[PDB]
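Asks: Structure: input_18.txt, compact mmCIF, C-alpha atoms.
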# COMPACT_ATOMS: atom_id res chain seq x y z
CA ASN A 1093 69.71 86.02 110.42
CA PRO A 1094 71.06 88.52 107.83
CA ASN A 1095 73.35 87.32 105.03
CA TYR A 1096 76.54 88.91 103.68
CA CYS A 1097 77.90 88.77 100.14
CA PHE A 1098 81.59 89.18 99.25
CA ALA A 1099 83.42 88.03 96.14
CA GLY A 1100 80.15 86.51 94.97
CA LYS A 1101 79.94 84.18 97.95
CA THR A 1102 77.20 84.38 100.59
CA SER A 1103 77.90 83.83 104.27
CA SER A 1104 75.74 83.66 107.39
CA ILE A 1105 76.10 84.05 111.14
CA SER A 1106 76.40 80.26 111.05
CA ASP A 1107 79.67 80.61 109.15
CA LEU A 1108 81.48 82.65 111.82
CA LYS A 1109 84.04 80.73 113.88
CA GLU A 1110 82.51 80.58 117.37
CA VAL A 1111 85.12 80.40 120.12
CA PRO A 1112 83.94 79.01 123.47
CA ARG A 1113 83.73 81.77 126.07
CA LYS A 1114 85.69 79.76 128.64
CA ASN A 1115 88.69 79.75 126.29
CA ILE A 1116 88.82 83.56 126.25
CA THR A 1117 90.54 85.70 128.90
CA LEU A 1118 90.67 89.50 129.02
CA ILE A 1119 94.03 90.96 130.07
CA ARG A 1120 93.77 94.75 129.86
CA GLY A 1121 91.74 97.53 128.28
CA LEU A 1122 92.97 99.56 125.32
CA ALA A 1126 82.66 105.27 120.43
CA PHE A 1127 80.39 102.26 120.88
CA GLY A 1128 82.06 99.36 122.67
CA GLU A 1129 85.40 98.81 124.39
CA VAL A 1130 88.52 97.07 123.08
CA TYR A 1131 90.67 94.74 125.17
CA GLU A 1132 93.84 92.76 124.85
CA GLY A 1133 92.90 89.12 125.36
CA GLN A 1134 94.16 85.53 125.13
CA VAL A 1135 92.45 82.55 123.49
CA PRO A 1144 98.15 80.77 123.78
CA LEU A 1145 96.89 83.16 121.11
CA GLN A 1146 97.10 86.88 121.86
CA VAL A 1147 94.14 88.84 120.47
CA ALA A 1148 92.21 92.09 120.55
CA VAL A 1149 88.65 91.73 121.83
CA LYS A 1150 85.90 94.03 120.60
CA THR A 1151 82.81 94.01 122.80
CA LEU A 1152 79.17 94.84 122.16
CA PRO A 1153 77.45 96.75 124.98
CA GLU A 1154 74.77 94.59 126.59
CA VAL A 1155 72.79 97.83 126.70
CA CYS A 1156 72.30 98.25 122.95
CA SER A 1157 69.54 98.41 120.34
CA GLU A 1158 68.43 95.76 117.85
CA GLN A 1159 70.24 97.72 115.15
CA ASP A 1160 73.46 97.76 117.19
CA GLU A 1161 73.26 93.97 117.35
CA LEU A 1162 72.88 93.64 113.58
CA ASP A 1163 75.69 96.15 113.05
CA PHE A 1164 78.00 94.12 115.31
CA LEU A 1165 77.11 90.91 113.50
CA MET A 1166 77.69 92.48 110.08
CA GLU A 1167 81.10 93.84 111.10
CA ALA A 1168 82.09 90.30 112.08
CA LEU A 1169 80.90 88.84 108.76
CA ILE A 1170 82.66 91.47 106.64
CA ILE A 1171 86.04 91.19 108.33
CA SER A 1172 85.97 87.38 108.50
CA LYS A 1173 85.58 87.13 104.71
CA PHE A 1174 88.65 89.21 103.81
CA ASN A 1175 91.92 87.37 103.21
CA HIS A 1176 94.88 89.71 102.77
CA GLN A 1177 98.02 90.48 104.77
CA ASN A 1178 97.25 94.21 104.96
CA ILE A 1179 93.77 93.71 106.36
CA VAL A 1180 93.48 92.80 110.05
CA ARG A 1181 92.51 89.17 110.60
CA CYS A 1182 89.41 88.03 112.48
CA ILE A 1183 90.36 85.14 114.75
CA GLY A 1184 86.73 84.41 115.53
CA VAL A 1185 83.71 85.42 117.58
CA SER A 1186 81.98 84.65 120.85
CA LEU A 1187 78.39 85.64 120.12
CA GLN A 1188 76.70 82.99 122.26
CA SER A 1189 77.58 84.68 125.56
CA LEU A 1190 77.06 88.25 126.80
CA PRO A 1191 78.60 90.65 126.26
CA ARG A 1192 79.25 89.49 122.70
CA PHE A 1193 82.87 89.46 121.48
CA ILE A 1194 84.65 89.77 118.16
CA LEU A 1195 88.21 88.44 118.28
CA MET A 1196 90.73 90.30 116.12
CA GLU A 1197 94.42 90.12 115.27
CA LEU A 1198 96.20 92.10 118.01
CA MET A 1199 97.80 95.23 116.56
CA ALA A 1200 100.26 96.34 119.23
CA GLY A 1201 101.34 99.44 117.35
CA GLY A 1202 97.89 100.97 117.70
CA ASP A 1203 96.19 103.26 115.18
CA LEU A 1204 98.29 105.07 112.59
CA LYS A 1205 97.19 108.63 113.42
CA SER A 1206 98.14 108.29 117.10
CA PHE A 1207 101.37 106.55 116.12
CA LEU A 1208 102.48 109.32 113.76
CA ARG A 1209 101.74 112.01 116.33
CA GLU A 1210 103.42 110.16 119.20
CA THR A 1211 106.45 109.10 117.16
CA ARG A 1212 107.26 112.40 115.41
CA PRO A 1213 111.00 113.15 115.34
CA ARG A 1214 111.95 115.11 118.44
CA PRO A 1215 115.19 116.50 119.92
CA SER A 1216 114.86 113.53 122.28
CA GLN A 1217 114.04 111.10 119.46
CA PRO A 1218 115.83 112.70 116.48
CA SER A 1219 115.64 109.52 114.39
CA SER A 1220 112.33 108.08 115.58
CA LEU A 1221 111.04 108.11 111.99
CA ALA A 1222 112.42 108.45 108.46
CA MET A 1223 110.93 108.96 105.00
CA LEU A 1224 111.25 105.25 104.20
CA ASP A 1225 109.12 104.33 107.24
CA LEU A 1226 106.34 106.54 105.88
CA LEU A 1227 106.64 105.12 102.37
CA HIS A 1228 106.41 101.59 103.74
CA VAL A 1229 103.22 102.42 105.63
CA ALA A 1230 101.77 104.01 102.49
CA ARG A 1231 102.66 100.95 100.42
CA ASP A 1232 101.14 98.58 103.00
CA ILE A 1233 97.79 100.37 102.98
CA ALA A 1234 97.84 100.76 99.18
CA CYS A 1235 98.26 96.99 98.91
CA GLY A 1236 95.21 96.49 101.11
CA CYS A 1237 93.22 99.01 99.07
CA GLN A 1238 94.25 97.24 95.87
CA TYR A 1239 92.87 93.97 97.27
CA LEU A 1240 89.60 95.71 98.11
CA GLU A 1241 89.46 97.31 94.66
CA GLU A 1242 90.07 94.04 92.81
CA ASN A 1243 87.30 92.47 94.90
CA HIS A 1244 84.93 95.35 94.24
CA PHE A 1245 84.66 96.37 97.88
CA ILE A 1246 84.39 100.12 98.45
CA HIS A 1247 85.74 101.14 101.84
CA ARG A 1248 84.33 104.69 102.01
CA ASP A 1249 86.47 105.74 104.97
CA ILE A 1250 90.16 105.28 104.19
CA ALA A 1251 91.91 107.45 106.78
CA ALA A 1252 94.79 107.24 109.24
CA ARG A 1253 92.47 106.68 112.23
CA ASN A 1254 91.22 103.49 110.54
CA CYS A 1255 94.65 101.96 109.93
CA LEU A 1256 96.54 99.92 112.53
CA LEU A 1257 100.16 98.85 113.09
CA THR A 1258 101.43 95.41 114.11
CA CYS A 1259 104.09 96.95 116.37
CA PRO A 1260 105.75 100.30 117.21
CA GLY A 1261 109.16 99.23 115.99
CA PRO A 1262 111.05 98.77 112.67
CA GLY A 1263 109.32 95.59 111.53
CA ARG A 1264 105.92 97.26 111.70
CA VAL A 1265 103.23 96.41 109.14
CA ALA A 1266 100.26 98.71 108.49
CA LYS A 1267 96.81 97.25 107.83
CA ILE A 1268 93.26 98.48 107.28
CA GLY A 1269 91.55 97.82 110.58
CA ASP A 1270 88.09 99.44 110.66
CA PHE A 1271 85.14 98.87 108.33
CA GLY A 1272 82.32 100.61 110.18
CA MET A 1273 81.36 102.94 107.34
CA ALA A 1274 81.11 100.18 104.75
CA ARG A 1275 79.03 98.24 107.29
CA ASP A 1276 76.55 101.08 107.81
CA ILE A 1277 76.14 101.47 104.05
CA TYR A 1278 75.64 97.73 103.54
CA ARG A 1279 72.88 97.55 106.17
CA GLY A 1286 74.94 108.20 111.18
CA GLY A 1287 74.55 111.84 110.22
CA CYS A 1288 75.87 114.84 108.29
CA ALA A 1289 78.04 115.98 111.21
CA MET A 1290 79.64 112.53 111.43
CA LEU A 1291 80.49 112.19 107.72
CA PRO A 1292 84.24 112.06 106.91
CA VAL A 1293 83.83 114.94 104.47
CA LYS A 1294 87.54 115.83 104.62
CA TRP A 1295 88.37 112.45 103.07
CA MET A 1296 85.63 112.50 100.41
CA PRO A 1297 85.73 113.37 96.66
CA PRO A 1298 83.26 115.88 95.15
CA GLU A 1299 80.94 113.32 93.56
CA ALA A 1300 80.52 111.43 96.84
CA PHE A 1301 79.38 114.25 99.11
CA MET A 1302 77.32 115.82 96.32
CA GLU A 1303 75.67 112.96 94.43
CA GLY A 1304 76.28 110.13 96.88
CA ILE A 1305 78.02 108.21 94.12
CA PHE A 1306 80.69 105.79 95.34
CA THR A 1307 83.11 103.79 93.20
CA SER A 1308 86.65 102.42 93.58
CA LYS A 1309 87.77 105.91 92.57
CA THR A 1310 86.17 107.07 95.82
CA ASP A 1311 88.81 105.26 97.82
CA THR A 1312 91.59 106.65 95.60
CA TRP A 1313 90.67 110.20 96.60
CA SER A 1314 90.57 109.23 100.27
CA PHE A 1315 93.93 107.47 99.92
CA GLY A 1316 95.40 110.73 98.69
CA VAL A 1317 94.24 112.38 101.89
CA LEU A 1318 95.72 109.51 103.92
CA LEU A 1319 99.04 110.12 102.14
CA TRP A 1320 98.89 113.74 103.30
CA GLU A 1321 98.12 112.59 106.86
CA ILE A 1322 101.11 110.24 106.76
CA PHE A 1323 103.63 112.72 105.39
CA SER A 1324 102.38 115.54 107.63
CA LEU A 1325 103.03 113.12 110.50
CA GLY A 1326 99.47 112.96 111.78
CA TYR A 1327 98.03 116.44 111.20
CA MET A 1328 94.31 116.91 110.66
CA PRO A 1329 93.61 117.47 106.93
CA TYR A 1330 92.88 121.01 105.69
CA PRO A 1331 94.30 122.82 108.73
CA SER A 1332 91.97 125.49 110.15
CA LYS A 1333 89.08 124.55 107.84
CA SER A 1334 85.71 123.22 108.97
CA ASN A 1335 83.84 120.48 107.11
CA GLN A 1336 81.64 122.86 105.10
CA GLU A 1337 84.61 125.11 104.33
CA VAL A 1338 86.47 122.09 102.96
CA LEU A 1339 83.43 121.03 100.94
CA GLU A 1340 83.27 124.43 99.24
CA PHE A 1341 87.08 124.60 98.89
CA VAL A 1342 87.40 121.18 97.24
CA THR A 1343 84.33 121.67 95.05
CA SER A 1344 85.90 124.87 93.72
CA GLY A 1345 89.18 123.19 92.78
CA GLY A 1346 91.03 123.85 96.02
CA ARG A 1347 93.64 121.34 97.17
CA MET A 1348 95.96 120.98 100.17
CA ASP A 1349 99.54 122.26 100.02
CA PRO A 1350 102.43 119.79 100.44
CA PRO A 1351 103.15 118.66 104.01
CA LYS A 1352 106.29 120.18 105.53
CA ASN A 1353 109.40 118.79 103.78
CA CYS A 1354 107.31 116.55 101.52
CA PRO A 1355 109.25 115.33 98.46
CA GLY A 1356 107.79 116.49 95.15
CA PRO A 1357 107.28 112.93 93.81
CA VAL A 1358 105.18 112.09 96.87
CA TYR A 1359 103.08 115.26 96.66
CA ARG A 1360 102.48 114.47 92.98
CA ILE A 1361 100.89 111.17 93.96
CA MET A 1362 98.49 113.04 96.23
CA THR A 1363 97.52 115.56 93.57
CA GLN A 1364 96.79 112.74 91.10
CA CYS A 1365 94.55 111.06 93.69
CA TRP A 1366 92.64 114.36 93.98
CA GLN A 1367 91.77 114.81 90.30
CA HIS A 1368 88.27 116.27 90.06
CA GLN A 1369 87.03 113.66 87.57
CA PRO A 1370 87.22 110.10 88.94
CA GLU A 1371 88.30 108.62 85.60
CA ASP A 1372 91.38 110.86 85.81
CA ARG A 1373 92.47 109.38 89.14
CA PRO A 1374 94.81 106.34 89.18
CA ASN A 1375 93.69 102.87 90.23
CA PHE A 1376 95.60 101.31 93.11
CA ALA A 1377 97.83 99.24 90.85
CA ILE A 1378 99.20 102.53 89.50
CA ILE A 1379 99.39 104.10 92.95
CA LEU A 1380 101.50 101.19 94.20
CA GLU A 1381 103.83 101.51 91.21
CA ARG A 1382 104.39 105.20 91.96
CA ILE A 1383 104.95 104.60 95.67
CA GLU A 1384 107.49 101.93 94.72
CA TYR A 1385 109.29 104.35 92.40
CA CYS A 1386 109.47 106.92 95.21
CA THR A 1387 111.00 104.33 97.54
CA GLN A 1388 113.74 103.67 94.96
CA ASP A 1389 114.69 107.35 94.59
CA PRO A 1390 117.64 108.22 96.87
CA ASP A 1391 116.66 111.89 96.82
CA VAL A 1392 113.21 111.07 98.16
CA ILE A 1393 114.26 108.68 100.90
CA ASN A 1394 117.26 110.76 101.97
CA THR A 1395 115.00 113.73 102.71
CA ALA A 1396 114.92 114.55 106.42
CA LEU A 1397 111.60 114.85 108.21
CA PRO A 1398 111.06 118.02 110.25
CA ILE A 1399 111.97 117.79 113.93
CA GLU A 1400 109.08 118.76 116.19
Before we go any further, please render this structure as structure tokens.
Replies:
Amino acid sequence: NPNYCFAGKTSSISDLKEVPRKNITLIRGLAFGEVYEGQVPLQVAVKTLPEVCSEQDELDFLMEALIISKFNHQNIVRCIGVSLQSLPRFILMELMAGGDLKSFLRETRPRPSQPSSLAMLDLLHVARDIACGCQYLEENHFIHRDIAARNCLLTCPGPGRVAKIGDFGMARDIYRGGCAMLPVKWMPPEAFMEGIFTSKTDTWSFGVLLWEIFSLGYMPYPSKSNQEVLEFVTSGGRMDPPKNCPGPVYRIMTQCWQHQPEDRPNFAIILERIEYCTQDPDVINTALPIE
């Protein structure tokens, strides 16, 4: 059985919390594998492994479980446990009833029907939440490699919502795929060119996430293909501000997208700047566009 190393500690399959299959009930459904709402009474999300899978799929599933179980931070989704001794195999996760952030932003855009569905402060709180999770990863020397709205989840649709990093499939693949499947639109020049990844890698990606958030769920680099973005970004090109985006927020993005990694802020600094934006009445009193 493969081992996993995080924060200088080594863990094994043996260390995962095995939940007896009889204690787990699937309630309703919600790539590779399906996700269900379940009960263990503890409400959970259940990720399944297809019984029809390869040996590599099995090891991938196991590794995902090990990685997530070893994190301990409020802005990273919790792993409640596993059921790997029965088929199909399960991973039991914190239930995130708000769903993924990209879908949420698109579905919850201000509308003539829902004129006040979202405000600038909601977006800043989501950004802060994810930045706090990224800071935890950075201080523990874990490089995520795929920070993006589709990989963040919300605890609930409503006002008390908390955003958390909820998918680690890229980091898993790299720990042990194809060019067309690479998240090139979230990647800094040195990553897609030299294959060099550092904590500054995630800073660049976080800048793109910020654009996703303040555009309310638009695909990055509108109208550009992956290769067109690669050439654009390599030549110094950067995205324009999202519609109605406050200047202080856009400035955070442009700092995250500095060509040289040593010129980009660490997440401690990013958090400070997000905090300062949240304090500025002129930022938070800016109206979002109505769809």
Asks: Pick from A:1166, A:1204, A:1234, A:1392: nearest to residue A:1257, with all atoms listed in the file counted?
Replies: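 Counting all atoms listed in the file, the residue closest to residue A:1257 is A:1204.
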Asks: List the spatial neighbours of residue A:1396 as a ChimeraX atom specification - criterion: any atom at most 10 Å away, all atoms listed in the file, same-chain residues fewer than 5 positions off excluded.
Replies: /A:1213,1219,1221-1223,1353-1355
Asks: Within 6 Å of stretch 1190-1201 of chain A, counting only C-alpha atoms, which residues qualify if same-chain residues fewer than 5 places away don't, as JSON, numbers by chain?
Replies: {"A": [1147, 1148, 1149, 1150, 1151, 1152, 1154, 1180, 1181, 1182, 1183, 1184, 1185, 1257, 1258, 1259, 1260]}
Asks: With 10 Å as the cut-off and only C-alpha atoms counted, what is the closest atom pair between each nearby residue of stretch 1100-1209 of chain A and stretch 1320-1339 of chain A? Distances in Å to one decimal, ordered by chain and number, as a Markdown table.
Replies:
| residue | atom | partner | partner_atom | distance |
| --- | --- | --- | --- | --- |
| A:1204 | CA | A:1326 | CA | 8.0 |
| A:1205 | CA | A:1326 | CA | 5.2 |
| A:1206 | CA | A:1326 | CA | 7.2 |
| A:1207 | CA | A:1326 | CA | 8.0 |
| A:1208 | CA | A:1325 | CA | 5.0 |
| A:1209 | CA | A:1326 | CA | 5.2 |
Asks: What does the file look like for those residues with C-alpha atoms, as a short mmCIF file (atom, residue, chain, number, x, y, z; two decimals), in the frame of the given file?
Replies:
data_model
loop_
_atom_site.label_atom_id
_atom_site.label_comp_id
_atom_site.auth_asym_id
_atom_site.auth_seq_id
_atom_site.Cartn_x
_atom_site.Cartn_y
_atom_site.Cartn_z
CA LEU A 1204 98.29 105.07 112.59
CA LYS A 1205 97.19 108.63 113.42
CA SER A 1206 98.14 108.29 117.10
CA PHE A 1207 101.37 106.55 116.12
CA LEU A 1208 102.48 109.32 113.76
CA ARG A 1209 101.74 112.01 116.33
#
Asks: Out of A:1110, A:1098, A:1272, A:1145, which residue has the shortest atom-to-atom distance to residue A:1240 when counting only C-alpha atoms?
Replies: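 Among the listed residues, the smallest separation from residue A:1240 belongs to A:1098.
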Asks: May I have the residues within 12 Å of stretch 1379-1390 of chain A as an NGL selection string, using all atoms listed in the file and disregarding those fewer than 3 positions away in the same chain?
Replies: :A and (1222-1239 or 1309 or 1311-1313 or 1315-1316 or 1319 or 1354-1365 or 1373-1376 or 1393-1396)
Asks: Figure out the distance between atom CA of residue A:1168 and atom CA of residue A:1118, please, to one decimal in Å.
Replies: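 Calculated distance between atom CA of residue A:1118 and atom CA of residue A:1168 is 19.0 Å.
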